[PDB]
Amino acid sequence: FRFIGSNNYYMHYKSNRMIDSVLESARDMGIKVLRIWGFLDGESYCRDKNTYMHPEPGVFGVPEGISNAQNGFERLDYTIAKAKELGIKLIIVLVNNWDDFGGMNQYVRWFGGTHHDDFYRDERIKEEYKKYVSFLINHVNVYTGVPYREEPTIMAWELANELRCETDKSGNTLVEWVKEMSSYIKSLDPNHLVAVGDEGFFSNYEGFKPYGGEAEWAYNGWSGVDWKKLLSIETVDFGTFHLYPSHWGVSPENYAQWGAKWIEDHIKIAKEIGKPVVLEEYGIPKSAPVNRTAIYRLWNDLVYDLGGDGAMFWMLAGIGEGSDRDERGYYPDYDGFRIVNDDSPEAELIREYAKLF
């Protein structure tokens, strides 16, 4: 099982019409796997989308006596049931490194900590993460009757989107947290694959340097991530990395080769450890002074030729509504990375590659 996949973050709070549009586009495009958020942390973030998953510690779903709100579990239920019908598999990520939808900083605010990375260290925070995740994994989907623990449409759980720990550049804080949490999940759910969901940063490995001396911090452990050590954890089933040369300090004329070397390095490392590896997010901004489709063709060829297990672009959207609808009626391209099922050369390329993988 090798695949072309994609990402979509609003599958747990948007309407049936918009959810169906993404998943029908993924099917029509040949996209076999969609990576989605399974979190919505903090009262303000839940209120902002009028959708509740984890507004306060120990409150899962909609607070008692909040009426007329969406329950993010029922939205995720609908998405899971529609993906099951349409034959799409799902990777569901359990917390965000970043503050969108609350993230680790929302947990730190609930428990009165003083740094983002207190998330990995404070036992009261870790306890609350475990409670949330246990609630989610045991949740019974209202459309299928099958608990998530038992639902084959779900391909994998991911611990944390783009996790970083800048306060411990030895890498040890994250190794310990990932061992703890991946084992915990295996304990709740013996059926599903577990991955980290991080960007794939290295921590000064002999023989691995960045292309063109740019974005060195991604190779030298600045973020506190030691990907190789994380992939060696017995309770992690496959490696994940992401790729955004434009965000990371790479010059445009080097996007394609920096990404090529990043991909080669990660597949080589994962092959030697002996686990599957997914390039699970990549994107080039639509305004970059380079040919984006040709960069995407290059990266997908590489993952295909080197035996990588999947390549997932950030991100796929469908039809929009309300205050999220652009000049063509789609969910807007807010970040410059959106791809939709249209006649763009990027959408054509995805359709072409989805036939190869």
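The first residue of the shown sequence is 1; numbering continues from there.
A.B. asks: Taking only the CA atoms, which stretch has the higher mean B-factor in the record, 67-75 or 203-211?
C.D. replies: In the deposited entry, the stretch with the higher C-alpha B-factor mean is 203-211.
A.B. asks: Out of 186-194 and 76-84, which one has CA B-factors that are higher on average in the deposited record?
C.D. replies: Comparing averages over the C-alpha atoms only gives 186-194.
A.B. asks: Specify which of 166, 99, 253, 118 carries the largest Cα B factor in the deposited PDB entry.
C.D. replies: Among 166, 99, 253, 118, the PDB entry lists the largest C-alpha B-factor for 253.
A.B. asks: If you check the C-alpha B-factor for each of 106, 240, 138, 153 in the entry, which is highest?
C.D. replies: Among 106, 240, 138, 153, the PDB entry lists the largest C-alpha B-factor for 138.
A.B. asks: Based on the deposited C-alpha B factors for this chain, I'd like to know if residue 265 is in the lowest, middle or highest third.
C.D. replies: Within its chain, residue 265 is a middle-third residue by C-alpha B-factor, going by the deposited values.
A.B. asks: Can you work out whether the C-alpha temperature factor of residue 38 puts it in the lowest, middle or highest third of the chain?
C.D. replies: It belongs to the lowest third of the chain when residues are ordered by C-alpha B-factor.
A.B. asks: Which third of the chain holds residue 27 when residues are ordered by C-alpha B factor: lowest, middle or highest?
C.D. replies: Middle third - that is where residue 27 ends up once the chain's C-alpha B-factors are sorted.
A.B. asks: Please place residue 21 in the lowest, middle or highest third of its chain by C-alpha B factor as given in the entry.
C.D. replies: It belongs to the lowest third of the chain when residues are ordered by C-alpha B-factor.
A.B. asks: Mind checking which third residue 303 falls in for C-alpha B-factor across the chain?
C.D. replies: As the PDB entry reports it, the C-alpha B-factor of residue 303 lands in the middle third of its chain.
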